[PDB]
Each structure stands twice: as structure tokens, then as C-alpha cells.
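Below is one structure; the comments refer to it alone.
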Amino acid sequence: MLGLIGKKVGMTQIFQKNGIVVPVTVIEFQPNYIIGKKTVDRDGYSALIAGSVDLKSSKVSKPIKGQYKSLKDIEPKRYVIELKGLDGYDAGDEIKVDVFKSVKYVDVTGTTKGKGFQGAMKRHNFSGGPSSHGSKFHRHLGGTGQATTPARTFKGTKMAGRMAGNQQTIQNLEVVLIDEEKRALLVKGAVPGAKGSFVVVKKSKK
Amino acid sequence: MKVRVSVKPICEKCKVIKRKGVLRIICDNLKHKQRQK
Amino acid sequence: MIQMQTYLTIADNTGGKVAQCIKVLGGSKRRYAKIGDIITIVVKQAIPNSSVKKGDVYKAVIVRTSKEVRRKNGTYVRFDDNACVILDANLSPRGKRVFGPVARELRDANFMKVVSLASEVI
Amino acid sequence: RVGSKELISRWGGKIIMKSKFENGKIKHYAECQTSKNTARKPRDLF
Amino acid sequence: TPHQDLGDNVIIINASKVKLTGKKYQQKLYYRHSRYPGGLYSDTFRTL
Amino acid sequence: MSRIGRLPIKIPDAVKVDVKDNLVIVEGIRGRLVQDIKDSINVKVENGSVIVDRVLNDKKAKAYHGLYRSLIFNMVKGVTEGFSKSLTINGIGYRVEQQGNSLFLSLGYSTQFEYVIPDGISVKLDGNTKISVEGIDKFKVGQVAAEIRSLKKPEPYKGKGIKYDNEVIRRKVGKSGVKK
RNA sequence: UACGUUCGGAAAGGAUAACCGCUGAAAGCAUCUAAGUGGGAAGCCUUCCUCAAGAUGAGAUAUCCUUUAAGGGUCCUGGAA
RNA sequence: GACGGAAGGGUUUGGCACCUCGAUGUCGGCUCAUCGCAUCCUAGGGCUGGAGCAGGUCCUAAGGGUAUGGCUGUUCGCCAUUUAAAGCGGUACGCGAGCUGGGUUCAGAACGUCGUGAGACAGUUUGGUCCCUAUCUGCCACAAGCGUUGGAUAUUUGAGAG
RNA sequence: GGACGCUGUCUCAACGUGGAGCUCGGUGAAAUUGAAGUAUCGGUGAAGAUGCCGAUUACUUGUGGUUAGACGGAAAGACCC
RNA sequence: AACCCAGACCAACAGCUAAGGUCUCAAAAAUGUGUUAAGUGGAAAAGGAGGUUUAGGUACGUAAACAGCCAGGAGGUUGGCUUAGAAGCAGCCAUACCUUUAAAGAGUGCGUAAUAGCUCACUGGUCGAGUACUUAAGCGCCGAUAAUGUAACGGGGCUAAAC
Ligand SMILES: [Zn+2]
């Protein structure tokens, strides 16, 4: 599956030729290199290891350094992922942004924004109690279980706790524009993560 | 159609069979078809 | 964003002057109607001795809303009062003339005859 | 009435539904005259 | 001695060719529960 | 048991039969067919004829007697004369056509049905409303004819659909039969 | 943050429920079943997204280190947390 | 499908008085649900006295969904508009150490009825304190420690679960 | 009981403000308490089990939250006899 | 706790037995003759039932029974009718109605206003032994059907490790 490690620059909008506005998210692609390969007869499966923006030479541990010993003029890469079942490339290669030039839809994977310790009403769209008529119940859970059967709280009952921070992959984002000279992709819609967080863009499954 | 507990022939042309462990009636008069509950 | 209990100006010459929304059609929990939707109204005030009496229930189409709704080209049109037009059984305007402007989403919702009888389409 | 969209492929070919048969399976699928690419739902040919 | 571990170890080979009798091949069920409500999953001998 | 189980099997001259290790091969003018035979039943070829008997007298063996007799008989009649089952397409605007190893059916649906013909089986047309499936195996011929019929099962109000030729469709009435 | 924007419910495959079969007995016929062999649903199993080797059954690989090295932690400046 | 006959379900009104009166808080509404299928809708069928449309009856199927208001404390029901449908039940007639206190079931007062009277009434009307900082299990989240048989750093196959 | 006006009462919640809450330093209770290397399900039983049976699941130990249970705490039940 | 076996004076790293068990968790079984295909065993009714073992009746048969296959399946006669029709098949009555009789019923069903029309009992040929209806028992099948979780064998599993 064709994929790339990009950085979510932000959002904007563009004007189609006839006047229709399209809200887009912009992704900037630092150069991506193929660092190694995984093979079915040696690792158990076939995949390509892909890496991106470099690290500072004072903060590369020697295991990471030795990972790149045999590669020529490829500094250590901070973001490393795997692309399963891909061919047409080998160690030392380098993937342009134009691999999406023939693609209509993409999928983007990133780390969603963190919202801290969040309550039930924000986390699960719980309604609350009334704010008047004598109520002493505003944004609490309400009841949680049943009385004596089962005499416990079922596993998975939704309560308060931390919200967001998980990975998430959003599907079928239309591809609006590709700009090779500035290494940018413009997709239509929202992309998980805060500004400057790093996403992975894959060719759409459908 | 007539998922019943007593399945009996209705006309002389109805016939009794047993299929995969249930008792059934089959006939030309499809209105007579039956299976035990 | 017309919901239930909203007051509306009847913008045609049937006789009614104020209508009240009592249902938003086409959807189970549907809560808001926009320009070009059909609602069920009761008449709360009418011109005396007209063909429309106070307290009758009809279907009406929304022609002006006070909350702006996005269009494809990015433009938003926000009127200054909420207004509707009464319809007969065929989902066609019961009246013969329409007062004031209407919004052009009627065009897309296929109310061409309301659009034509309007004075200005914005 | 926004003009009835002509049921056209992204490659300018008409899209027509055929019913393959294979091994007890009726299959419905969408076929493009110009490019003969077989897909199964015209969503995938627009 | 039941207290302690004094028996030998066992390697089973050809474990995929055990034969059953009756309709067990179609009817024996292996159940499991995820501990979440309603999360009861069955699995017949074939599929397992 | 019953006489079909014990009735002897004649062998046509052009047809050869052979039995070995729970298997039977029947090679004829038009093809070769194979069959499994269960342990409890014994199949013998003697004097240009086939005989079947049972080592046991359990009811499974009783049924097997007739089952394998009939199969081997249909296995021999196929390699000599082949099996053929025919069909008729009746109804306004219903058509059938052939291209290579597939049939195209126009049966009122908004799509024209293609139909791959499985190997080992031939299809014959008579105009555009009559079909005849021919082949070496009665089982396969019946299967194909059945699946084609299932493509558009007949109906009783007007006889429309794809019917077996030998079948008789019971018929009902609609509007005018209920006339008072 | 929604009242806003965008996207999502799939397509395909496997095994099945009721049902319809084909070939055929016991029971010369007949019969969807007893030997076999097929179709068949928002259900079941794969497929989509997320968590996941405390899976103690603790997996697999690439690189670094060989008497305290590799590496990690504390402290400090902070954040997209 | 009458007249009769045989069962299951444990939800209705009851029977019994076995646990609890050195206290097991009682009806509805709010919030949050989870499960059963005897299926309201969507899905797959058999037969129709099923032309078509629309149904009737029966079988399979619990994945998802299953309305907003008027009256009443009401569950229920009726009614107004909708909707593909406005399902039936269990869970202390789910859920008050989560909320409300309109109803019921205290002391005020009034009406009708009963009583000579004090008062009484599953008759009515009006007013009337809803307490507790979570030790344990359970659940929602996040860490410390160690293990994974030399010790570490990245990338991941996936049982299993949502 | 109805109407006008007005409004976050509500559709439908969002953001901000002050005191608590959270972390650290100082001072320092309480009701309660047979103890405790105190899980779940289907059962059984003084008829609703953390302690019994069979099976399933679960590394050790804390912190911030939530009240389903421990027929929770509080008052030798006020109702009934 | 109330059922079955059995009355604890104390001690022993002895033996034989009761109830209940002897694949395994879990200390203890093997062989003989049959039955069961439903995991029945390891819940249950009215009723339905070409499941099967064994035993016994009544029909019927090597002088050809049953099923299939090939024929006739009629003439008098629209049986008289009720009715409008009823021709065998709305409905009344019997059909002690006869003949050619191989055998043909005042017709078994389907379907026609009414027939018409298609079929059957009925009997003849091809085939070649048990068949067709019942009775008593031994095991089985459906009926079988609630709500936290397989949950009506204690579990694993068992075609015996079931009866
Ligand atoms: Zn019949």
C-alpha cells in the first residue's frame, strides 16, 4: 500500500474554477526514504520500511545509528513506519509525493488531539439533568447498573476518564491538489492531529 | 405452510416422508404441504 | 432553523398573516427545517373574512429564514424574519402572489412557481 | 430538477449492469464499454 | 505423588488428524466469553 | 430390500466397466465416469454384466444396494447414450441466445443475465425459446437444468417462465375467472 | 465549541437458518437424504476502524554493548501532552 | 375456527407466610442502560379465496432502529400531527449512598359521609426538611515495581478484545 | 386556568469567572470496624453468595474518578401485630 | 439440617465391607449376548409418526400377490329426480339397476353455470416374493418453549466411557 509520512500544516480553502469553495487540509512531505525491507522467508511477511525527517546528530543512539550503516548518505530518520506488501522500491530509494498523482481518494492516519481528563457529558454525549426545577443533578452519569442483578458494574460501562490521544485513520478523503515543487498535498476535509503533528497518507482502499 | 404438531395426509394423494429429522407431508396439491413443528 | 412552535410570516395573499410551525416533516427525530422544506403549520392570525380561517392546519414551504445556511459558492443569505407560503394538496402554492423577497434555494428544492411569483430572489 | 445526471464512466464510457454466473452465484457487476474494466458498483467507475 | 511434579513430558504430533465419532464434527461447540455483556462467542469444531 | 437393488446390469459392447479398491471406472464411447463404492457393498463384473450384493444386512447396506446399482446403471447408460434434459422459455419478450460457452438470457429483469456453462456439458438451442442440456452425467445435467430454471421459476397465472418440458404447471385464474 | 465543515454505514468471499434443489435409495414407483453433491438473509465467520506478546503460550527481526559499556532515569527549559 | 381436550411461560389479580421490623426506603418522571424473542420496522421465505398495487396467515431472523406534543401525579389510555416503525417483557413492577417529591403514607385546615362524642373514611381539596468526605469488590482512566533466562533501542506478526 | 412581554426552562449545549477539588509544605478529625494472601458466571443454600459446588477469568502495588453490590452507614421501625 | 448407608472412648502410615462408584479430573472393571443414531443417555403432556429390534394376529400370494409399466376402465343411462342446469361428481333418495360381464362404482378426485374434459376403484398383460393393514413389548423422533454467560451429564469428553 503506497504511503508517506507527512506533516499536517493546517487548513485553508480553495476556489474551484466555477466558484465552488472546497475546504482543504494541507500536508507537507519531507523527503521519505526506504530504509530496509522485511521478507516473508526471513521476517515472516513482506513490507517496506519507510523513514522521514532527520534527527540531530547529538541525539541518535548507536542502535539507531547502526540501523543505517549500510545505507549511503541517509541520515537517521525520526519517523519510521512500515508499508505492507509493497514492491517497486528497495533500500536507499526515495519516494516522491507524485505517487498519488493517479489517485482519487486517500486515507490519513494520525494521533488525534488530546483533551485530558474529560467528563461523561463531553466524552459520550450523555445528556444531563435539568438546570432548574429543584434539580441537584447536572452533568453526572445518572444510574450506572441495575439493582441486585447483577450486583456489579458491567465491564465497558461508559464513565469519565481521559479523552482522545488515540490513533485514527479517516477514510476516502478526496484528493484536491498535488504540488510537487512545494511538496504539498491538498485533501478535502479534516485530518486527525494538531498542527505540526505527523500523519501517514495511504492510497485509499476503496 | 401448515407447521403443525399433528401432520396427517389430507387427501389420498398426500404422502409421508422424513427429511433430515423432521416429518413432512408432500403432495401435488401444494395447498396440502406440511411439516411437523 | 425553524422548529416547532416557531412563528412565521405568511408571505402570500391567501389571507393569513401569522402561522405557527407544529411539525417538521420528513424524518423521525427531525428537528429543524431550512429554506425549501415543507412544514405543517397552524394559522394564528388572518385577514378577516378570508378563505383561510384562524386555527386551520395546512402544509407550508419555508421561503425566508433568519439563520444563514451555507451555499456551494461560499455565500450566506440571512433574512430578517422567518416566512412561509401555504401549499395545497399538490405541493404547489395555494396563493396567487408572494410578498417580499425569497431565497434562491427554492430553485433547487424545485419550487419554480413560488420563485416566479416572488418579487426578488436573493 | 437538477438535470438527470447521465450515467457515465470516468472514462467517457456508458456503464451497464451485467449478471455473471459462477458456481451457484448470480453476480451483478458494472461494466464500462470504453475501457472494459469490470467493477461491481458504478460508484467505482465514476 | 500428587504433591509434586514427577511425571515426564509429552510431545503430541499430527494433532490435526484426530478423528471423532458421531456428528461431533458439525455439532460440538466451543464456547468463550469476553466478560463484556452479551459477549458470548461460540465456535464449532470445524471452524476452531 | 427390493428388486432394483438386485436387478442385473447389462453392459453394452462399446462400454467397458472396471472395479478396483472401492472405485469404479466406466469408459464408453462418449466419455469416462468414476464412482466411489462403500465397503458394505460389493460390485462384480462377470459375463459382460454387473452384479451388486451386500456383505451385511444393516439398513444402511440395504439402501446402499439400490443406490449403487442405480448409479452404476446411470453411469453406463450415460457413457453409451448420454443424458439430455430440455427446457422451454415461455413469456412475452423472453429470449435466450448463445455465445461460445455461455448463454445470455433476457427474462424481464433490468439486466441481461449471462450464464457460464460448466464444462462437461453442452447446450442446444431450438430458436430462441427452447433449450436442451446434454452431457455425460445425469447428475450434472439435472443440476444445470435446475439452476437455469431457478434463474426464472415459472408462475401459474400465465405459464410465463422457464419450465421443464415434461413438467405440468398447475394453473390459476386472475381477474376474469372470478366473473360473477 | 456546534448551530459549522468533512467523512463514515461499504463492495467481495466463506460456512449456514427457514426455504427451494439435483441425482437417488430403504419402500421396483415416489421421495431434497439414508452415500453424495448444490443454491440460500440486515444473522454467524472474514473484510473496515481502535486496543493488543502480563498471549507467563510473555512471539519474530534489525542494530548497539561485553565489567558498568550500550542505554535509561533524576534535575532543568517546555510542548502538539 | 365454536363445544370440549393437553401444556408451557411466571408478566396480571391472588394463595402461602420461608428470608428481612437493634429499618431490605414505596408509585411515576429525569439520567444511564443491559438482556430475552413470544418481531413493530428493515432482511430471507411457504401458501393464499395472491391479476397488479396493497394485504392476510405461517416459518426463519435480535445487526441496527423503534417520534414530538395536548390532558392527567400518573404507568396506562385517549387525542393532534408525524414516521420505514412509533414492538412486547425481565433486570428489588432496572436505576433516590445518581436527581426530582407531583402521587402515596405524619403533625395544620376545610368539604361530603359515619359516630351523642373523642374521632374515623383504598372519599376529596390545600400546605408540608429526601442525610452520608467510598474502606472492599466492581467499573472508567493513568502510573510505580518486576518478569519475559545477557542487557538495551527502534520497527512490527498477531491470539484475544472493543 | 388563560394571554402579552421576556428569557439557556427547553431543542442543546458551549465558553469564561470566583471558592473547593488536584500537587507540595504545616496542623490534623469523623461516623465505622470479628478479623481479610474480599474475582466472575451458572447453580446450591434460612428461598437474592467475595467465603459452598462446577467452570471461566485475573502479574504485584498505588492515584484521580464513579456509586452496582457488600440486603452499606446513621436511628433496640414510627407502618403492622 | 429432614433423602440413602451408618451411631464418633482415645490412639495406629493395618485388613474386610454398606450406600454409592470403578475413561479422566478422582481412590476403584474387564469380559459375554443384544438394543440405541437421537449425545437419546444428560427434564415433561394431549397428539402425530413408512425410525428400528423381537414376538403375534387378519388380509394376499409362485395356480402370480403388491409398486411401476402397457390397455380397458363401458352399454342401457341426463339413475329418477329437487333445481334453471345436476349429463358420475349444488343437494334429496338407493346403487334388492340390470346387461356385454375379463371389469367398470347411481363413480375416487381434479374441473366445468350445465355438461363437456382429465383421472381412480375395477380387471387384463411385463416383471418376479413377500407385501398391506394392525397388536404387544425394548429403545428412539417431533411436540420442547425466556430474560448477566455455554447453564436440564459436576466438568473434560464419551457411539460407549449409553441402556
Ligand atoms: Zn394432498
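Letters for chains follow the order of the C-alpha cells (A, B, ...), residue numbers begin at 1 for each chain, and ligand numbers begin at 1 in the order shown.
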
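Within 12 Å of chain G, and using only C-alpha atoms (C1' of nucleotides), the residues found on chain C are residues 1, 32, 67, 68, 69, 70 and 74 of chain C.
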
Take the residues just selected and output them with N, CA, C and O atoms as a compact mmCIF listing (two decimals), in the first residue's frame.
```txt
# COMPACT_ATOMS: atom_id res chain seq x y z
N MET C 1 -33.68 27.76 10.45
CA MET C 1 -33.74 26.90 11.62
C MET C 1 -35.10 27.05 12.28
O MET C 1 -35.21 27.41 13.44
N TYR C 32 -35.12 20.55 12.79
CA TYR C 32 -35.02 21.85 12.16
C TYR C 32 -35.41 21.78 10.70
O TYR C 32 -35.05 20.83 10.00
N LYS C 67 -31.72 32.54 9.96
CA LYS C 67 -30.42 31.93 10.20
C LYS C 67 -29.82 31.55 8.86
O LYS C 67 -30.46 30.87 8.06
N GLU C 68 -28.58 31.98 8.63
CA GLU C 68 -27.96 31.77 7.34
C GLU C 68 -27.54 30.32 7.16
O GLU C 68 -27.18 29.63 8.11
N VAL C 69 -27.59 29.86 5.92
CA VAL C 69 -27.23 28.50 5.57
C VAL C 69 -26.24 28.56 4.42
O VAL C 69 -26.41 29.34 3.48
N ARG C 70 -25.19 27.74 4.50
CA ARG C 70 -24.12 27.80 3.52
C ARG C 70 -24.62 27.40 2.15
O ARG C 70 -25.47 26.52 2.00
N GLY C 74 -19.99 29.52 -1.23
CA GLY C 74 -19.50 30.17 -0.04
C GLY C 74 -20.34 31.31 0.47
O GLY C 74 -20.04 31.85 1.54
```

What lies within 10 Å of residue D:30 using only C-alpha atoms (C1' of nucleotides), ignoring chain neighbours under 3 positions off, as a VMD selection string?
chain D and resid 14 to 19 33 36 to 45

Written selection (N, CA and C atoms) as a CSV table (one decimal), in the first residue's frame:
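And here is the file that came out, out.csv:
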```csv
chain,number,residue,atom,x,y,z
D,14,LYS,N,-20.3,4.3,-21.4
D,14,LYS,CA,-21.6,4.0,-20.7
D,14,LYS,C,-21.3,2.9,-19.7
D,15,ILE,N,-22.0,3.0,-18.6
D,15,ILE,CA,-21.9,1.9,-17.6
D,15,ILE,C,-23.2,1.1,-17.6
D,16,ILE,N,-23.0,-0.2,-17.8
D,16,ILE,CA,-24.1,-1.1,-17.9
D,16,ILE,C,-23.9,-2.3,-16.9
D,17,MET,N,-25.1,-2.7,-16.3
D,17,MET,CA,-25.1,-3.8,-15.4
D,17,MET,C,-25.3,-5.1,-16.1
D,18,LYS,N,-24.4,-6.1,-15.8
D,18,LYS,CA,-24.5,-7.4,-16.3
D,18,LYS,C,-24.6,-8.3,-15.1
D,19,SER,N,-25.1,-9.5,-15.3
D,19,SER,CA,-25.2,-10.6,-14.3
D,19,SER,C,-24.4,-11.8,-14.8
D,33,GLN,N,-18.2,0.2,-21.3
D,33,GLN,CA,-18.0,0.0,-22.7
D,33,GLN,C,-16.6,0.4,-23.2
D,36,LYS,N,-13.6,-1.5,-20.9
D,36,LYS,CA,-13.9,-2.9,-20.5
D,36,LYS,C,-13.4,-3.2,-19.0
D,37,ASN,N,-13.1,-2.2,-18.2
D,37,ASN,CA,-12.8,-2.5,-16.8
D,37,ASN,C,-14.1,-3.0,-16.1
D,38,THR,N,-14.1,-4.2,-15.5
D,38,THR,CA,-15.2,-4.7,-14.7
D,38,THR,C,-15.0,-4.3,-13.3
D,39,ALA,N,-16.0,-3.6,-12.7
D,39,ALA,CA,-16.1,-3.4,-11.3
D,39,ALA,C,-17.5,-3.9,-10.9
D,40,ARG,N,-18.0,-3.6,-9.7
D,40,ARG,CA,-19.2,-4.2,-9.3
D,40,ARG,C,-20.2,-3.2,-8.8
D,41,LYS,N,-19.8,-2.0,-8.7
D,41,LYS,CA,-20.8,-1.0,-8.3
D,41,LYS,C,-20.4,0.3,-9.0
D,42,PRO,N,-21.3,1.0,-9.7
D,42,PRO,CA,-20.8,2.1,-10.6
D,42,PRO,C,-20.2,3.2,-9.8
D,43,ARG,N,-20.4,3.3,-8.5
D,43,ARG,CA,-19.6,4.1,-7.6
D,43,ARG,C,-18.1,4.1,-8.0
D,44,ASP,N,-17.6,2.9,-8.3
D,44,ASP,CA,-16.2,2.7,-8.5
D,44,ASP,C,-15.8,3.0,-9.9
D,45,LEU,N,-16.7,3.4,-10.8
D,45,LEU,CA,-16.4,3.8,-12.2
D,45,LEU,C,-16.6,5.3,-12.4
```

Would you mind listing what lies within 7 Å of residue C:66 as an NGL selection string, with only C-alpha atoms (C1' of nucleotides) counted and same-chain residues fewer than 2 positions away left out?
:C and (64 or 68 or 78-82)

Keeping only N, CA and C atoms, take the residues you just selected and write them out as a PDB file, in the first residue's frame.
```pdb
ATOM      1  N   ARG C  64     -38.251  32.267   3.782  1.00  0.00           N
ATOM      2  CA  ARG C  64     -37.199  33.083   4.364  1.00  0.00           C
ATOM      3  C   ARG C  64     -36.900  32.584   5.759  1.00  0.00           C
ATOM      4  N   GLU C  68     -28.584  31.977   8.628  1.00  0.00           N
ATOM      5  CA  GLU C  68     -27.958  31.772   7.336  1.00  0.00           C
ATOM      6  C   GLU C  68     -27.535  30.322   7.159  1.00  0.00           C
ATOM      7  N   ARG C  78     -29.022  35.783   4.850  1.00  0.00           N
ATOM      8  CA  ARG C  78     -29.668  35.794   6.154  1.00  0.00           C
ATOM      9  C   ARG C  78     -30.723  36.883   6.146  1.00  0.00           C
ATOM     10  N   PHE C  79     -31.984  36.484   6.141  1.00  0.00           N
ATOM     11  CA  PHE C  79     -33.079  37.433   6.046  1.00  0.00           C
ATOM     12  C   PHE C  79     -33.312  38.071   7.399  1.00  0.00           C
ATOM     13  N   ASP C  80     -34.441  38.721   7.560  1.00  0.00           N
ATOM     14  CA  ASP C  80     -34.663  39.483   8.764  1.00  0.00           C
ATOM     15  C   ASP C  80     -35.902  39.022   9.512  1.00  0.00           C
ATOM     16  N   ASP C  81     -36.662  38.092   8.946  1.00  0.00           N
ATOM     17  CA  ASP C  81     -37.747  37.415   9.635  1.00  0.00           C
ATOM     18  C   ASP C  81     -38.002  36.095   8.933  1.00  0.00           C
ATOM     19  N   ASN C  82     -38.646  35.186   9.643  1.00  0.00           N
ATOM     20  CA  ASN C  82     -38.959  33.875   9.105  1.00  0.00           C
ATOM     21  C   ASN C  82     -40.314  33.925   8.422  1.00  0.00           C
TER      22      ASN C  82
END
```

Close residues to ligand 1 using only C-alpha atoms (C1' of nucleotides) and all ligand atoms, limit 7 Å, as a PyMOL selection string:
chain B and resi 9-14+27-29+32

Hey, what's within 12 Å of residue J:58 if we count only C-alpha atoms (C1' of nucleotides) and toss same-chain stuff fewer than 4 positions away? As number ranges by chain, please?
J: 132-135

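With only C-alpha atoms (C1' of nucleotides) as the atoms that count, the residue of I:26, I:65, I:73, I:5 with the shortest distance to chain A is I:65.
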
Proximal residues of chain B relative to chain J (only C-alpha atoms (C1' of nucleotides); 9 Å) as an MDAnalysis selection string:
chainID B and resid 5:8 11:12 16:17 21:23 36:37

As number ranges by chain, please: all residues of chain E that backbone DSSP puts in alpha helix (DSSP H).
E: 24-27

Could you give me, as a list in words, the residues within 6 Å of stretch 84-98 of chain F, counting only C-alpha atoms (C1' of nucleotides) and dropping anything in the same chain fewer than 2 positions from it?
residues 102, 103, 104, 105, 106, 107, 128, 129, 130, 131, 132, 133, 134, 160, 161, 162, 163, 164 and 165 of chain F

With C-alpha atoms retained, write the just-selected residues as a PDB file, in the first residue's frame.
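Full text of out_33.pdb as output:
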```
ATOM      1  CA  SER F 102     -22.125 -19.038 -22.270  1.00  0.00           C
ATOM      2  CA  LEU F 103     -25.796 -18.199 -22.608  1.00  0.00           C
ATOM      3  CA  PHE F 104     -27.455 -14.795 -22.454  1.00  0.00           C
ATOM      4  CA  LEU F 105     -30.967 -14.652 -21.036  1.00  0.00           C
ATOM      5  CA  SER F 106     -33.483 -11.844 -21.439  1.00  0.00           C
ATOM      6  CA  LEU F 107     -36.034 -12.536 -18.710  1.00  0.00           C
ATOM      7  CA  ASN F 128     -34.814 -18.637 -29.024  1.00  0.00           C
ATOM      8  CA  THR F 129     -37.351 -20.269 -26.685  1.00  0.00           C
ATOM      9  CA  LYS F 130     -36.233 -23.919 -26.454  1.00  0.00           C
ATOM     10  CA  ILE F 131     -33.167 -25.337 -24.705  1.00  0.00           C
ATOM     11  CA  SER F 132     -31.732 -28.821 -24.294  1.00  0.00           C
ATOM     12  CA  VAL F 133     -28.842 -29.644 -21.972  1.00  0.00           C
ATOM     13  CA  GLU F 134     -26.828 -32.700 -22.984  1.00  0.00           C
ATOM     14  CA  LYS F 160     -44.572 -17.449 -18.007  1.00  0.00           C
ATOM     15  CA  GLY F 161     -41.075 -18.524 -17.060  1.00  0.00           C
ATOM     16  CA  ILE F 162     -38.655 -21.340 -17.756  1.00  0.00           C
ATOM     17  CA  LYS F 163     -40.294 -24.738 -17.447  1.00  0.00           C
ATOM     18  CA  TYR F 164     -39.148 -28.288 -17.797  1.00  0.00           C
ATOM     19  CA  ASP F 165     -40.734 -29.691 -20.922  1.00  0.00           C
TER      20      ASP F 165
END
```

Would you kindly report the residues of chain H within 8 Å of chain E, using only C-alpha atoms (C1' of nucleotides), as a PyMOL selection string?
chain H and resi 34-35+161

Taking only C-alpha atoms (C1' of nucleotides) into account, report as a ChimeraX atom specification which residues of chain G lie within 9 Å of chain A.
/G:5-8,10-11,49-50,60-64,70-71,80-81

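For the pair atom CA of residue F:112 and atom CA of residue D:28, the interatomic distance is 10.2 Å.
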
Chain J residues within 12 Å of chain A, counting only C-alpha atoms (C1' of nucleotides): which ones, as a ChimeraX atom specification?
/J:147-149
